[PDB]
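Enquirer: Sharing an experimental structure here, sequence included.
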Protein chains: 2
Amino acid sequence: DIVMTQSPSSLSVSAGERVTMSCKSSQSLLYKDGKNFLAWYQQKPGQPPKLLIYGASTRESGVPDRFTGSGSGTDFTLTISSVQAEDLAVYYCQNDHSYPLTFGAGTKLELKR
Amino acid sequence: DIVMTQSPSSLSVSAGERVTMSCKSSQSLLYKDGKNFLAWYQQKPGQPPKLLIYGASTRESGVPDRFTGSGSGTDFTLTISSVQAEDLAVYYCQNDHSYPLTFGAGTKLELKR
């Protein structure tokens, strides 16, 4: 199996500020076409996961530009440039093409008052 | 988008007994080869989702036979024939081939003392 290592496990930030979170895979996710088979999901409290990004950096429809996914091969990043109250959630990265498909353990993002 | 309707939302059962939970998709998931593009994930408390079944009824490696997925087209079922303490989790079904990929809202399974 492909192990996805996420960090940090949790962070606390005030609104409007930048955060970065890391996801490393134990195997390369990069394919022939320059394509990285890596998704990011957001799971708000009491809700199912929702696909935010696939292909390492393509945002889904409706996902704001304050989310950016980057990186390639094994080392990926999700940055939120200005965190807002509705971004409170657990973020997971996933190996989404090589079975069994595997999530990392998540980064919990909490808002500071 | 494909909407996945799960029911029931929660249930409480004693160990060793049978439970069934339903997942309906608003569009047919059945493809040309007899193939249904439907996965079930299990999410234990504080953990990421883990893929249990894909193709509507193929169990992943290591998943015990007391899990069975069935159904076709729009109407799917996950049955656990003898629920054990480690099956405590939220179960999600997912449209896993038609983007954006979509989870249902989950069935929370809780053990009765």
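Expert: Thanks, I have it. Residues are numbered from 1 along each chain as shown, chains lettered A, B, ... in the order given.
Enquirer: if I look at residue A:79, how far off is residue A:21?
Expert: 8 Å (Cβ to Cβ, to the nearest Å). For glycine as for every other residue, the C-beta is placed from the backbone atoms N, C-alpha and C.
Enquirer: Looking at these two, which one has more neighbours?
Expert: residue A:21 (22 against 13; other Cβ atoms under 10 Å in any protein chain shown).
Enquirer: quick one: buried residues of the one helix or strand the more buried one maps to?
Expert: Counting by DSSP states H and E, the element that carries residue A:21 is strand A:19-25. Neighbour-count burial for strand A:19-25, counted by 16 or more other Cβ atoms under 10 Å in any protein chain shown, picks out A:19, A:21-25.
Enquirer: and which of those is nearest chain B?
Expert: residue A:23 (11.6 Å; Cβ to the nearest Cβ).
Enquirer: How about the contacts made by that closest one?
Expert: For residue A:23, the contact set (Cβ atoms under 8 Å, 6 or more residues apart in numbering or on different chains) comprises A:4-6, A:38, A:40, A:71, A:76-78, A:93, A:104.
Enquirer: what do you get if the cut-off is 7 Å, keeping everything else the same?
Expert: Listed by Cβ atoms under 7 Å, 6 or more residues apart in numbering or on different chains, the contact partners of residue A:23 are A:4, A:6, A:76, A:93, A:104.
Enquirer: correct me, but the fourth one touches residue A:2?
Expert: It refers to residue A:93. No - counting by Cβ atoms under 7 Å, residue A:93 stays clear of residue A:2, with 11.0 Å between them.
Enquirer: I figured residue A:25 hits residue A:4, correct?
Expert: Yes - the pair residue A:25 / residue A:4 is scored as a contact, 5.4 Å apart, by Cβ under 7 Å.
Enquirer: Name the residues contacting each of those two.
Expert: By Cβ under 7 Å, 6+ apart, the residues touching both residue A:25 and residue A:4 are residue A:95.
Enquirer: what about residue A:93 and residue A:2, which has more around it?
Expert: Per other Cβ under 10 Å, whichever of residue A:93 and residue A:2 has more neighbours is residue A:93, with 32 against 18.
Enquirer: Residue numbers of chain A in contact with chain B?
Expert: Applying Cβ under 7 Å from any Cβ of the partner chain, we find that chain A lies next to chain B at A:48-49, A:51, A:60, A:92, A:100-101, A:103-106.
Enquirer: ok, and the most crowded of those?
Expert: The residue in those with the most neighbours, by other Cβ under 10 Å, is residue A:49 (28 neighbours).
Enquirer: Spatially nearest residue to it (excluding sequence neighbours)?
Expert: residue A:41 (3.9 Å; Cβ to Cβ, 6 or more residues apart in numbering or on different chains).
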